[PDB]
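Raw contents of protein23.pdb, PDB, C-alpha atoms:
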ATOM      1  CA  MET A   1     -85.434 -83.959  -5.249  1.00  0.00           C
ATOM      2  CA  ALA A   2     -88.783 -83.640  -7.072  1.00  0.00           C
ATOM      3  CA  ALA A   3     -89.091 -82.169 -10.591  1.00  0.00           C
ATOM      4  CA  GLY A   4     -91.181 -82.323 -13.784  1.00  0.00           C
ATOM      5  CA  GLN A   5     -92.426 -79.231 -15.655  1.00  0.00           C
ATOM      6  CA  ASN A   6     -90.253 -76.077 -15.953  1.00  0.00           C
ATOM      7  CA  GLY A   7     -91.235 -73.505 -13.277  1.00  0.00           C
ATOM      8  CA  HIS A   8     -91.016 -69.821 -14.314  1.00  0.00           C
ATOM      9  CA  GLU A   9     -90.647 -68.127 -10.854  1.00  0.00           C
ATOM     10  CA  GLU A  10     -90.286 -64.543 -12.181  1.00  0.00           C
ATOM     11  CA  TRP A  11     -89.881 -61.850  -9.469  1.00  0.00           C
ATOM     12  CA  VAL A  12     -88.539 -58.455 -10.640  1.00  0.00           C
ATOM     13  CA  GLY A  13     -89.839 -54.866 -10.241  1.00  0.00           C
ATOM     14  CA  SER A  14     -88.821 -51.250  -9.525  1.00  0.00           C
ATOM     15  CA  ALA A  15     -88.959 -49.312  -6.228  1.00  0.00           C
ATOM     16  CA  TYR A  16     -88.433 -45.610  -5.409  1.00  0.00           C
ATOM     17  CA  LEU A  17     -86.329 -44.507  -2.416  1.00  0.00           C
ATOM     18  CA  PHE A  18     -86.127 -40.959  -1.002  1.00  0.00           C
ATOM     19  CA  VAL A  19     -82.908 -39.912   0.786  1.00  0.00           C
ATOM     20  CA  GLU A  20     -82.799 -36.547   2.604  1.00  0.00           C
ATOM     21  CA  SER A  21     -80.779 -35.016   5.481  1.00  0.00           C
ATOM     22  CA  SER A  22     -83.830 -33.077   6.824  1.00  0.00           C
ATOM     23  CA  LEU A  23     -81.786 -29.869   6.340  1.00  0.00           C
ATOM     24  CA  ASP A  24     -83.029 -26.822   4.384  1.00  0.00           C
ATOM     25  CA  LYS A  25     -79.618 -25.042   4.328  1.00  0.00           C
ATOM     26  CA  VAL A  26     -77.882 -27.619   2.069  1.00  0.00           C
ATOM     27  CA  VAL A  27     -79.199 -28.575  -1.389  1.00  0.00           C
ATOM     28  CA  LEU A  28     -77.929 -32.191  -1.517  1.00  0.00           C
ATOM     29  CA  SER A  29     -80.243 -33.169  -4.431  1.00  0.00           C
ATOM     30  CA  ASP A  30     -78.582 -30.547  -6.683  1.00  0.00           C
ATOM     31  CA  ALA A  31     -75.163 -32.149  -6.007  1.00  0.00           C
ATOM     32  CA  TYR A  32     -76.367 -35.463  -7.531  1.00  0.00           C
ATOM     33  CA  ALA A  33     -77.265 -33.510 -10.727  1.00  0.00           C
ATOM     34  CA  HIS A  34     -73.660 -33.798 -11.993  1.00  0.00           C
ATOM     35  CA  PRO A  35     -72.938 -37.046 -13.898  1.00  0.00           C
ATOM     36  CA  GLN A  36     -69.609 -37.797 -12.135  1.00  0.00           C
ATOM     37  CA  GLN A  37     -71.346 -37.489  -8.735  1.00  0.00           C
ATOM     38  CA  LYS A  38     -74.131 -39.875  -9.877  1.00  0.00           C
ATOM     39  CA  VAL A  39     -71.529 -42.532 -10.807  1.00  0.00           C
ATOM     40  CA  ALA A  40     -69.509 -41.970  -7.578  1.00  0.00           C
ATOM     41  CA  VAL A  41     -72.759 -42.173  -5.581  1.00  0.00           C
ATOM     42  CA  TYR A  42     -73.602 -45.249  -7.713  1.00  0.00           C
ATOM     43  CA  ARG A  43     -70.747 -47.268  -6.129  1.00  0.00           C
ATOM     44  CA  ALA A  44     -71.425 -45.846  -2.630  1.00  0.00           C
ATOM     45  CA  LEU A  45     -75.107 -46.859  -2.769  1.00  0.00           C
ATOM     46  CA  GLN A  46     -74.213 -50.291  -4.217  1.00  0.00           C
ATOM     47  CA  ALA A  47     -71.859 -51.068  -1.290  1.00  0.00           C
ATOM     48  CA  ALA A  48     -74.496 -49.883   1.224  1.00  0.00           C
ATOM     49  CA  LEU A  49     -77.065 -52.338  -0.217  1.00  0.00           C
ATOM     50  CA  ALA A  50     -74.680 -55.303   0.333  1.00  0.00           C
ATOM     51  CA  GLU A  51     -74.824 -54.588   4.087  1.00  0.00           C
ATOM     52  CA  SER A  52     -78.654 -54.718   3.949  1.00  0.00           C
ATOM     53  CA  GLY A  53     -78.671 -57.760   1.586  1.00  0.00           C
ATOM     54  CA  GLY A  54     -78.797 -55.913  -1.767  1.00  0.00           C
ATOM     55  CA  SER A  55     -75.831 -57.447  -3.619  1.00  0.00           C
ATOM     56  CA  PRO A  56     -74.955 -55.931  -7.018  1.00  0.00           C
ATOM     57  CA  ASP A  57     -75.779 -59.319  -8.630  1.00  0.00           C
ATOM     58  CA  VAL A  58     -79.390 -59.445  -7.375  1.00  0.00           C
ATOM     59  CA  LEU A  59     -80.217 -55.788  -6.541  1.00  0.00           C
ATOM     60  CA  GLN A  60     -78.990 -52.984  -8.835  1.00  0.00           C
ATOM     61  CA  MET A  61     -79.911 -49.292  -9.240  1.00  0.00           C
ATOM     62  CA  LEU A  62     -81.638 -48.643 -12.598  1.00  0.00           C
ATOM     63  CA  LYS A  63     -81.150 -44.839 -12.428  1.00  0.00           C
ATOM     64  CA  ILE A  64     -80.897 -41.849 -10.050  1.00  0.00           C
ATOM     65  CA  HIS A  65     -83.905 -39.484 -10.251  1.00  0.00           C
ATOM     66  CA  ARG A  66     -83.682 -35.887  -8.970  1.00  0.00           C
ATOM     67  CA  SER A  67     -86.933 -34.088  -8.022  1.00  0.00           C
ATOM     68  CA  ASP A  68     -87.929 -31.444  -5.390  1.00  0.00           C
ATOM     69  CA  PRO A  69     -85.588 -31.088  -2.352  1.00  0.00           C
ATOM     70  CA  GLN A  70     -85.119 -34.899  -2.153  1.00  0.00           C
ATOM     71  CA  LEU A  71     -83.095 -37.594  -3.980  1.00  0.00           C
ATOM     72  CA  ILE A  72     -84.889 -40.506  -5.704  1.00  0.00           C
ATOM     73  CA  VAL A  73     -83.073 -43.792  -6.483  1.00  0.00           C
ATOM     74  CA  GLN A  74     -84.615 -46.682  -8.491  1.00  0.00           C
ATOM     75  CA  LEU A  75     -83.818 -50.224  -7.236  1.00  0.00           C
ATOM     76  CA  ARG A  76     -84.278 -53.581  -9.048  1.00  0.00           C
ATOM     77  CA  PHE A  77     -85.017 -57.034  -7.530  1.00  0.00           C
ATOM     78  CA  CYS A  78     -84.718 -60.658  -8.747  1.00  0.00           C
ATOM     79  CA  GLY A  79     -83.912 -63.072  -5.877  1.00  0.00           C
ATOM     80  CA  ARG A  80     -86.427 -63.529  -3.015  1.00  0.00           C
ATOM     81  CA  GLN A  81     -83.671 -64.320  -0.442  1.00  0.00           C
ATOM     82  CA  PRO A  82     -81.915 -60.934  -0.846  1.00  0.00           C
ATOM     83  CA  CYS A  83     -85.399 -59.336  -1.105  1.00  0.00           C
ATOM     84  CA  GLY A  84     -86.353 -60.251   2.494  1.00  0.00           C
ATOM     85  CA  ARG A  85     -82.992 -58.883   3.717  1.00  0.00           C
ATOM     86  CA  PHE A  86     -83.588 -55.644   1.757  1.00  0.00           C
ATOM     87  CA  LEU A  87     -86.789 -54.691   3.673  1.00  0.00           C
ATOM     88  CA  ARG A  88     -85.624 -56.139   7.037  1.00  0.00           C
ATOM     89  CA  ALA A  89     -82.290 -54.295   6.747  1.00  0.00           C
ATOM     90  CA  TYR A  90     -84.165 -51.097   5.772  1.00  0.00           C
ATOM     91  CA  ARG A  91     -85.643 -50.801   9.302  1.00  0.00           C
ATOM     92  CA  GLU A  92     -82.146 -51.256  10.776  1.00  0.00           C
ATOM     93  CA  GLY A  93     -80.711 -48.605   8.414  1.00  0.00           C
ATOM     94  CA  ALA A  94     -83.297 -46.057   9.655  1.00  0.00           C
ATOM     95  CA  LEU A  95     -82.213 -46.735  13.262  1.00  0.00           C
ATOM     96  CA  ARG A  96     -78.586 -46.193  12.189  1.00  0.00           C
ATOM     97  CA  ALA A  97     -79.575 -42.784  10.739  1.00  0.00           C
ATOM     98  CA  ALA A  98     -80.676 -41.624  14.222  1.00  0.00           C
ATOM     99  CA  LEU A  99     -77.176 -42.494  15.508  1.00  0.00           C
ATOM    100  CA  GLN A 100     -75.651 -40.188  12.842  1.00  0.00           C
ATOM    101  CA  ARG A 101     -77.586 -37.178  14.219  1.00  0.00           C
ATOM    102  CA  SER A 102     -76.181 -37.719  17.744  1.00  0.00           C
ATOM    103  CA  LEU A 103     -72.736 -38.471  16.251  1.00  0.00           C
ATOM    104  CA  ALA A 104     -72.942 -35.280  14.122  1.00  0.00           C
ATOM    105  CA  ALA A 105     -72.275 -32.999  17.125  1.00  0.00           C
ATOM    106  CA  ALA A 106     -69.748 -35.549  18.457  1.00  0.00           C
ATOM    107  CA  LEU A 107     -67.711 -35.417  15.205  1.00  0.00           C
ATOM    108  CA  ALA A 108     -68.123 -32.043  13.419  1.00  0.00           C
ATOM    109  CA  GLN A 109     -71.750 -31.612  12.289  1.00  0.00           C
ATOM    110  CA  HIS A 110     -74.542 -29.597  13.969  1.00  0.00           C
ATOM    111  CA  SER A 111     -77.040 -32.283  12.848  1.00  0.00           C
ATOM    112  CA  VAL A 112     -77.222 -34.667   9.851  1.00  0.00           C
ATOM    113  CA  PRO A 113     -80.473 -36.638  10.187  1.00  0.00           C
ATOM    114  CA  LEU A 114     -80.724 -38.910   7.120  1.00  0.00           C
ATOM    115  CA  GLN A 115     -83.699 -41.177   6.350  1.00  0.00           C
ATOM    116  CA  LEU A 116     -84.859 -43.544   3.591  1.00  0.00           C
ATOM    117  CA  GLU A 117     -88.494 -44.011   2.488  1.00  0.00           C
ATOM    118  CA  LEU A 118     -90.016 -46.632   0.158  1.00  0.00           C
ATOM    119  CA  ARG A 119     -92.677 -45.836  -2.433  1.00  0.00           C
ATOM    120  CA  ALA A 120     -93.748 -48.883  -4.454  1.00  0.00           C
ATOM    121  CA  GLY A 121     -97.510 -48.171  -4.745  1.00  0.00           C
ATOM    122  CA  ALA A 122    -100.210 -46.923  -2.335  1.00  0.00           C
ATOM    123  CA  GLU A 123     -98.203 -47.977   0.773  1.00  0.00           C
ATOM    124  CA  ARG A 124     -95.368 -45.854   2.223  1.00  0.00           C
ATOM    125  CA  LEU A 125     -92.472 -46.921   4.502  1.00  0.00           C
ATOM    126  CA  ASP A 126     -94.814 -47.213   7.527  1.00  0.00           C
ATOM    127  CA  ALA A 127     -97.210 -49.307   5.392  1.00  0.00           C
ATOM    128  CA  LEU A 128     -94.432 -51.826   4.522  1.00  0.00           C
ATOM    129  CA  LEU A 129     -93.063 -52.416   8.064  1.00  0.00           C
ATOM    130  CA  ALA A 130     -96.284 -54.144   9.220  1.00  0.00           C
ATOM    131  CA  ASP A 131     -96.774 -56.485   6.228  1.00  0.00           C
ATOM    132  CA  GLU A 132     -93.733 -57.695   4.241  1.00  0.00           C
ATOM    133  CA  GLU A 133     -95.764 -59.693   1.683  1.00  0.00           C
ATOM    134  CA  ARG A 134     -97.594 -56.523   0.529  1.00  0.00           C
ATOM    135  CA  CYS A 135     -94.316 -54.699  -0.326  1.00  0.00           C
ATOM    136  CA  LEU A 136     -93.606 -57.419  -2.941  1.00  0.00           C
ATOM    137  CA  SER A 137     -97.071 -56.935  -4.498  1.00  0.00           C
ATOM    138  CA  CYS A 138     -96.407 -53.189  -4.897  1.00  0.00           C
ATOM    139  CA  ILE A 139     -92.790 -53.482  -6.123  1.00  0.00           C
ATOM    140  CA  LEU A 140     -93.724 -56.363  -8.489  1.00  0.00           C
ATOM    141  CA  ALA A 141     -96.925 -54.536  -9.563  1.00  0.00           C
ATOM    142  CA  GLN A 142     -94.777 -51.937 -11.377  1.00  0.00           C
ATOM    143  CA  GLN A 143     -92.659 -53.285 -14.273  1.00  0.00           C
ATOM    144  CA  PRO A 144     -89.145 -51.892 -14.860  1.00  0.00           C
ATOM    145  CA  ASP A 145     -88.160 -49.796 -17.908  1.00  0.00           C
ATOM    146  CA  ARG A 146     -84.725 -50.348 -19.464  1.00  0.00           C
ATOM    147  CA  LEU A 147     -85.677 -48.391 -22.637  1.00  0.00           C
ATOM    148  CA  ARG A 148     -84.252 -45.175 -21.109  1.00  0.00           C
ATOM    149  CA  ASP A 149     -81.661 -46.915 -18.855  1.00  0.00           C
ATOM    150  CA  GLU A 150     -79.640 -48.638 -21.636  1.00  0.00           C
ATOM    151  CA  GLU A 151     -76.653 -46.345 -20.918  1.00  0.00           C
ATOM    152  CA  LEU A 152     -76.886 -46.906 -17.135  1.00  0.00           C
ATOM    153  CA  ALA A 153     -76.848 -50.709 -17.600  1.00  0.00           C
ATOM    154  CA  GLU A 154     -73.524 -50.488 -19.478  1.00  0.00           C
ATOM    155  CA  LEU A 155     -72.087 -48.146 -16.809  1.00  0.00           C
ATOM    156  CA  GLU A 156     -72.928 -50.577 -13.953  1.00  0.00           C
ATOM    157  CA  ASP A 157     -71.607 -53.516 -16.022  1.00  0.00           C
ATOM    158  CA  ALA A 158     -68.276 -51.710 -16.521  1.00  0.00           C
ATOM    159  CA  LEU A 159     -68.177 -50.982 -12.763  1.00  0.00           C
ATOM    160  CA  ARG A 160     -68.501 -54.723 -12.019  1.00  0.00           C
ATOM    161  CA  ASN A 161     -65.272 -55.533 -13.927  1.00  0.00           C
ATOM    162  CA  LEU A 162     -63.295 -52.769 -12.151  1.00  0.00           C
ATOM    163  CA  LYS A 163     -64.265 -54.187  -8.713  1.00  0.00           C
ATOM    164  CA  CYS A 164     -62.638 -57.547  -7.811  1.00  0.00           C
ATOM    165  CA  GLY A 165     -63.836 -58.714  -4.365  1.00  0.00           C
ATOM    166  CA  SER A 166     -63.575 -62.365  -3.196  1.00  0.00           C
ATOM    167  CA  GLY A 167     -59.849 -62.780  -4.004  1.00  0.00           C
ATOM    168  CA  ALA A 168     -58.685 -66.381  -4.595  1.00  0.00           C
ATOM    169  CA  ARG A 169     -56.071 -65.887  -1.842  1.00  0.00           C
TER     170      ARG A 169
END

Show the structure stored in the file as structure tokens.
Amino acid sequence: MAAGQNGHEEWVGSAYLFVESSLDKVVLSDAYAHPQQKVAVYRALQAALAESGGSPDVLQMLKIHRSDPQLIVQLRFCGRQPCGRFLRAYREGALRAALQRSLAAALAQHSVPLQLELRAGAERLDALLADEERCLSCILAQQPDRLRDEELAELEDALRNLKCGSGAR
């Protein structure tokens, strides 16, 4: 156990994710326009991150951005441990999306190909799979902005109290 001066170790930034079903007959982005849908999607996306290593205590969504025929979601980071799981789990999530397309016909969908892309700077999703250290430089290069997300922060904080996982029994 060594120690002396107070280390700062500050690692936090914002990342943009694009989610689309690759379908031009359904306008999914418009559906997220409604506020109730954004909040409902808010909990759905939060649970999905836990599977990839994005717990609501370390990784949270700052806000949902809607632009063009795609959905943009802002993510926040703080712990390095859950950060490595976030990018490593991202590759696995993309593979899972391919399964949904084959399962679409099997269940009741002609085809629902969904995919996630990362845009943190000049490197895209294919530019982050090769080097993992670079993704941190891009995500950390851009500072977050809570000036316009003050209302969202209260909404996610209220959501935390409603959810009670890890029961004592």

Selection under test: the PyMOL selection byres ((chain A and resi 40-47) around 12); residues as an MDAnalysis selection string: chainID A and resid 17 19 28:29 31:39 48:64 71 73:76 152:153 155:160 162:163 165

Using only C-alpha atoms: which of A:141, A:15, A:122, A:128 has the shortest distance to residue 87 in chain A: A:128

Interatomic distance (Å, one decimal) between CA of residue 27 in chain A and CA of residue 116 in chain A: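 Rounded to one decimal, the two atoms are 16.8 Å apart.
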
One-decimal distance in Å that lies between CA of residue 127 in chain A and CA of residue 102 in chain A: 27.0 Å

Closest of A:86, A:14, A:9, A:133 to residue 119 in chain A - atom-to-atom distances counting only C-alpha atoms: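 That would be A:14, the residue with the smallest distance to residue 119 in chain A.
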
Distance in Å - CA of residue 10 in chain A versus CA of residue 142 in chain A: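 Separation between CA of residue 10 in chain A and CA of residue 142 in chain A: 13.4 Å.
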
Counting all atoms listed in the file, the residue of A:77, A:121, A:104, A:137 that sits nearest residue 12 in chain A: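 Result for the nearest residue to residue 12 in chain A: A:77.
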
Sel. within 9 Å of pt (-77.0, -43.4, 7.0), counting only C-alpha atoms, output as a ChimeraX atom specification: /A:93-100,113-116

Fewer than 6 positions away in the same chain doesn't count, so skip those; otherwise give me all residues within 12 Å of residue 130 in chain A, counting all atoms listed in the file, as a compact mmCIF listing (two decimals) with C-alpha atoms, in the frame of the given file.
# COMPACT_ATOMS: atom_id res chain seq x y z
CA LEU A 87 -86.79 -54.69 3.67
CA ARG A 88 -85.62 -56.14 7.04
CA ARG A 91 -85.64 -50.80 9.30
CA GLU A 123 -98.20 -47.98 0.77
CA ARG A 124 -95.37 -45.85 2.22

For range 46-70 of chain A, write N, CA, C and O atoms out as a short mmCIF file (atom, residue, chain, number, x, y, z; two decimals), in the first residue's frame.
data_model
loop_
_atom_site.label_atom_id
_atom_site.label_comp_id
_atom_site.auth_asym_id
_atom_site.auth_seq_id
_atom_site.Cartn_x
_atom_site.Cartn_y
_atom_site.Cartn_z
N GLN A 46 -30.51 2.18 -20.59
CA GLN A 46 -29.70 2.04 -19.34
C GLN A 46 -29.51 0.55 -19.01
O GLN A 46 -28.42 0.11 -18.71
N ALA A 47 -30.57 -0.23 -19.07
CA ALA A 47 -30.44 -1.68 -18.77
C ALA A 47 -29.52 -2.36 -19.79
O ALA A 47 -28.72 -3.21 -19.45
N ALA A 48 -29.64 -1.98 -21.04
CA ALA A 48 -28.77 -2.59 -22.09
C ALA A 48 -27.30 -2.33 -21.79
O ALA A 48 -26.46 -3.19 -21.97
N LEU A 49 -26.97 -1.15 -21.34
CA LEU A 49 -25.54 -0.82 -21.03
C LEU A 49 -25.01 -1.75 -19.93
O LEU A 49 -23.88 -2.19 -19.99
N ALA A 50 -25.81 -2.04 -18.93
CA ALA A 50 -25.34 -2.93 -17.82
C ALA A 50 -24.81 -4.25 -18.39
O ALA A 50 -23.80 -4.77 -17.94
N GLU A 51 -25.48 -4.77 -19.38
CA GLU A 51 -25.01 -6.05 -20.01
C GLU A 51 -23.62 -5.83 -20.62
O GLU A 51 -22.77 -6.69 -20.56
N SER A 52 -23.41 -4.69 -21.23
CA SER A 52 -22.09 -4.41 -21.87
C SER A 52 -21.07 -3.85 -20.86
O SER A 52 -19.90 -3.72 -21.16
N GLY A 53 -21.51 -3.53 -19.66
CA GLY A 53 -20.56 -2.98 -18.64
C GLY A 53 -20.78 -1.48 -18.46
O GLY A 53 -19.92 -0.76 -17.99
N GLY A 54 -21.95 -0.99 -18.81
CA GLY A 54 -22.24 0.46 -18.65
C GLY A 54 -23.28 0.62 -17.54
O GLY A 54 -24.43 0.91 -17.79
N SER A 55 -22.87 0.43 -16.31
CA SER A 55 -23.82 0.57 -15.17
C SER A 55 -24.32 2.02 -15.09
O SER A 55 -23.65 2.92 -15.55
N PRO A 56 -25.49 2.20 -14.51
CA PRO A 56 -26.05 3.57 -14.39
C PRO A 56 -25.26 4.41 -13.38
O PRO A 56 -25.45 5.61 -13.28
N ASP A 57 -24.37 3.81 -12.63
CA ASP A 57 -23.56 4.58 -11.64
C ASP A 57 -22.29 5.11 -12.30
O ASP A 57 -21.74 6.12 -11.89
N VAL A 58 -21.80 4.43 -13.31
CA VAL A 58 -20.55 4.89 -13.98
C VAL A 58 -20.87 5.46 -15.38
O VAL A 58 -20.31 6.45 -15.80
N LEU A 59 -21.76 4.82 -16.10
CA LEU A 59 -22.12 5.30 -17.47
C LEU A 59 -23.59 5.73 -17.51
O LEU A 59 -24.48 4.95 -17.25
N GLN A 60 -23.84 6.97 -17.85
CA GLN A 60 -25.24 7.46 -17.92
C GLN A 60 -25.47 8.21 -19.23
O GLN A 60 -24.53 8.71 -19.84
N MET A 61 -26.69 8.29 -19.68
CA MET A 61 -26.98 9.01 -20.95
C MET A 61 -27.26 10.48 -20.65
O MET A 61 -28.18 10.80 -19.92
N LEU A 62 -26.48 11.38 -21.20
CA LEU A 62 -26.71 12.83 -20.92
C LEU A 62 -27.99 13.31 -21.60
O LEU A 62 -28.77 14.05 -21.03
N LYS A 63 -28.23 12.89 -22.83
CA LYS A 63 -29.47 13.33 -23.54
C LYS A 63 -29.66 12.55 -24.84
O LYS A 63 -28.72 12.01 -25.40
N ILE A 64 -30.87 12.50 -25.34
CA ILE A 64 -31.14 11.78 -26.62
C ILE A 64 -31.25 12.81 -27.75
O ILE A 64 -32.08 13.69 -27.71
N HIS A 65 -30.40 12.71 -28.74
CA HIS A 65 -30.43 13.69 -29.86
C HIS A 65 -31.08 13.08 -31.11
O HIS A 65 -30.76 11.98 -31.51
N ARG A 66 -31.99 13.79 -31.72
CA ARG A 66 -32.67 13.26 -32.94
C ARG A 66 -32.24 14.07 -34.17
O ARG A 66 -32.46 15.27 -34.25
N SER A 67 -31.65 13.42 -35.14
CA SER A 67 -31.21 14.13 -36.38
C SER A 67 -31.26 13.17 -37.56
O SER A 67 -30.99 11.99 -37.41
N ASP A 68 -31.60 13.66 -38.74
CA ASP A 68 -31.68 12.78 -39.96
C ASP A 68 -32.44 11.47 -39.65
O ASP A 68 -33.04 11.36 -38.60
N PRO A 69 -32.41 10.50 -40.54
CA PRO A 69 -33.11 9.22 -40.28
C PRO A 69 -32.28 8.31 -39.36
O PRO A 69 -32.07 7.15 -39.66
N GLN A 70 -31.81 8.83 -38.25
CA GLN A 70 -31.00 8.01 -37.31
C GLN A 70 -31.22 8.53 -35.89
O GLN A 70 -31.64 9.66 -35.70
#
